[PDB]
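Q: experimental structure and sequence below, a few questions after.
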Amino acid sequence: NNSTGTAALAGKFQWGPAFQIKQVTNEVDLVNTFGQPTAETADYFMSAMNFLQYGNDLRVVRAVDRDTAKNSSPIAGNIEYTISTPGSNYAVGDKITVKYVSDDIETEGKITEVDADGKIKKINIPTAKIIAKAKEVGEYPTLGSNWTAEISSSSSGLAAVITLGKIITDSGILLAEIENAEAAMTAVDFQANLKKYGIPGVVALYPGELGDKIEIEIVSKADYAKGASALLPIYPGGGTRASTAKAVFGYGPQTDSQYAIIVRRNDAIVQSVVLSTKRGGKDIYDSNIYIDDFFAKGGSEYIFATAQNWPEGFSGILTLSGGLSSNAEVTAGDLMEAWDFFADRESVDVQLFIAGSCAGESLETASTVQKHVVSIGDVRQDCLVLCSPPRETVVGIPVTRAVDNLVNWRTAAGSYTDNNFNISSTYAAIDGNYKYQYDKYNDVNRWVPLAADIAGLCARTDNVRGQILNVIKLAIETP
């Protein structure tokens, strides 16, 4: 395609997919997918963006901390609670009351599952009011000490003991690759709470606080006819809200195990589908609409779900929260794990390697990541690992000091003996100052690794050096 200028980029982004070789072609198409540049993301958004200027195709891989990244979920609003002593002779809509020091805060809780003897098996306490009061008095999400829960005064039956913990802030789920896809959606620990708080397994598709803006609306074949009147409840916040299902769908839920799903971000009805919890079942087109499969195959850009522990006849409003992409602490290695996705010609045909994108990171990682990226093009020898200097070394100081630094770094010598870049590949193209662009998003002038740019400048000229596009200043010039 002029010799198939396929770039390759890996780094931290505001939005997943995490650890996936998702391909990108437009700017407005990468924003859609990994979108705005945060002050922790900048140099990677730019890296891509100002490449797609000379760019046909870009293959990226988002680096997430696997240990602390989180996909927004419906678990992450609820409130710890443990039925210390199941009562007896209780029933199902017996109301529960959460007090703050003998003072009523929430009074809309309610037992929701008993057995034959009235032994309390499951309850549901809305947290809208309490997290409010709790935030308001420093006890968030700690809680516990002055926070108490009693039953109606009273339900038919007696003896019970509910014990309150903290406000759960761990969404309890992270989706990365798809080999693990619903396998994380089906972890004892996760699936556990989906039972405990009687909700379905519906989570945001990509790690990130950006997922908190999603709001699923679920209606079953049951409350679908009453679709207008049916007053869907809101988990975990509380309160209700008139359904909308029949007022958005023509083709309504067919079988009793089919549900209407309406996904919203910012009041926008981002997606609208009908799915089934029973394998095989299809729409009027023999399209397998069994939940687990539908999503298993790029079914939805926004969310991801699993029929497992999906409450029968469940209808309500799910509120995703606790969503948490942490670039906060993506370790250098967490980057190298990512880059590795390209280290075999068997798998990915990628011609160029944007590497300078780490220019800004911890000087150490600035060097050791790239250094390693070179050792991927080296061992594969179907590419160009192009690489740029660390901001530290080139942007602040005057040229006098500037060059001294660069040459020391390229060997060992003075200050950068340790974090050197002392390698020598015929595939290694290093990258020689650092560019000063304007950031149409944050609306600020910003220094970015120049390598990202020259790489697109290659996909161009011949097959894979002529002024660069959007520069407005270079660290050194020229002369």
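A: Arrived safely. Residues are numbered from 1 along each chain as shown.

Q: how far does the strand or helix carrying residue 375 sit from the chain's center?
A: Element membership for residue 375, per DSSP states H and E: helix 363-380. Offset of helix 363-380 from its chain centre (C-alpha atoms, centre = their mean, to the nearest Å): 26 Å.

Q: pull the residues that contact that helix.
A: 332, 335-336, 339-340, 342-345, 353, 355-356, 358-361, 383-385, 387, 390-392, 409, 416, 419-421, 423, 425, 427-428 (C-beta atoms under 8 Å, 6 or more residues apart in numbering). All C-beta spots, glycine's among them, are computed from the backbone N, C-alpha and C.

Q: give me the buried subset of those.
A: By neighbour count, with 16 or more other C-beta atoms under 10 Å, the contacts of helix 363-380 hold 332, 335-336, 339, 342-343, 353, 355-356, 358-361, 383-385, 387, 390-392, 409, 416, 419-421, 423, 427-428 as buried.

Q: among the residues you listed, which are in strands?
A: 353, 385, 428 (DSSP state E).

Q: shouldn't the first one be in contact with residue 388?
A: No - the pair formed by residue 353 and residue 388 falls short of the contact definition of C-beta atoms under 8 Å, at 11.7 Å.

Q: which neighbours do these two share?
A: Common neighbours of residue 353 and residue 388 (C-beta under 8 Å, 6+ apart) do not exist.

Q: how many neighbours does residue 115 have?
A: 11 (other C-beta atoms under 10 Å).

Q: do the same with residue 478
A: Neighbour tally, residue 478, other C-beta under 10 Å: 5.

Q: check which helix or strand covers it.
A: Counting by DSSP H and E, residue 478 is found in no helix or strand.

Q: how near is it to residue 471?
A: According to C-beta to C-beta, to the nearest Å, residue 478 stands 12 Å off from residue 471.

Q: same deal with residue 456?
A: 13 Å.

Q: higher neighbour count, those two?
A: residue 456 (24 against 16).

Q: can you verify my assumption that that one contacts residue 55?
A: Yes - contact status for residue 456 versus residue 55: in contact at 4.7 Å, counting by C-beta under 8 Å.

Q: list residues touching both of those two?
A: What both residue 456 and residue 55 touch, as defined by C-beta under 8 Å, 6+ apart, is the set 5, 7.

Q: residue contacts, the nearest residue to residue 278 once chain neighbours are set aside?
A: What sits nearest to residue 278 in space, not counting adjacent residues and going by C-beta to C-beta, 6 or more residues apart in numbering, is residue 257, at 4.4 Å. For residue 257, the contact set (C-beta under 8 Å, 6+ apart) comprises 221, 276, 277, 278, 281.

Q: kindly recompute the last result at 7 Å.
A: 276, 277, 278 (C-beta atoms under 7 Å, 6 or more residues apart in numbering).

Q: narrow these to those that are buried.
A: 276, 277.

Q: want to throw the contacts of residue 257 into JSON lines with secondary structure?
A: Formatted as JSON lines, the contacts of residue 257 follow (DSSP: H, G, I helix; E, B strand; the rest coil):
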{"residue": "276", "secondary structure": "strand"}
{"residue": "277", "secondary structure": "coil"}
{"residue": "278", "secondary structure": "coil"}
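
Q: going by distance to residue 287, which of the contacts of residue 257 wins?
A: Nearest to residue 287 among these, counting by C-beta to C-beta, is residue 276 at 10.9 Å.

Q: tell me, how many residues neighbour the nearest residue to that closest one once chain neighbours are set aside?
A: Spatial nearest neighbour of residue 276, chain neighbours left out: residue 258 (4.5 Å); criterion: C-beta to C-beta, 6+ apart. By the criterion of other C-beta under 10 Å, residue 258 has 20 neighbours.

Q: who's in contact with the residue of the chain most remote from its centre?
A: Largest separation from the mean C-alpha position in the chain: residue 156, at 45.4 Å (C-alpha atoms, centre = their mean). Contact analysis of residue 156 by C-beta under 7 Å, 6+ apart lists 89, 90, 91.

Q: what about 10 Å?
A: Contact partners of residue 156, counting by C-beta atoms under 10 Å, 6 or more residues apart in numbering, are 89, 90, 91, 94, 118.

Q: just give me the neighbour total for the last one.
A: The burial metric for residue 118, expressed as a neighbour count using other C-beta under 10 Å, is 22.

Q: would you confirm that it contacts residue 151?
A: No - Residue 118 lies out of contact with residue 151 (C-beta atoms under 10 Å); the separation is 11.7 Å.

Q: list residues touching both of these two?
A: Counting by C-beta under 10 Å, 6+ apart, the shared contacts of residue 118 and residue 151 are 87, 90, 94, 111, 157, 158, 159, 160.

Q: and which of the residues you listed is nearest to residue 143?
A: residue 160 (19.9 Å).
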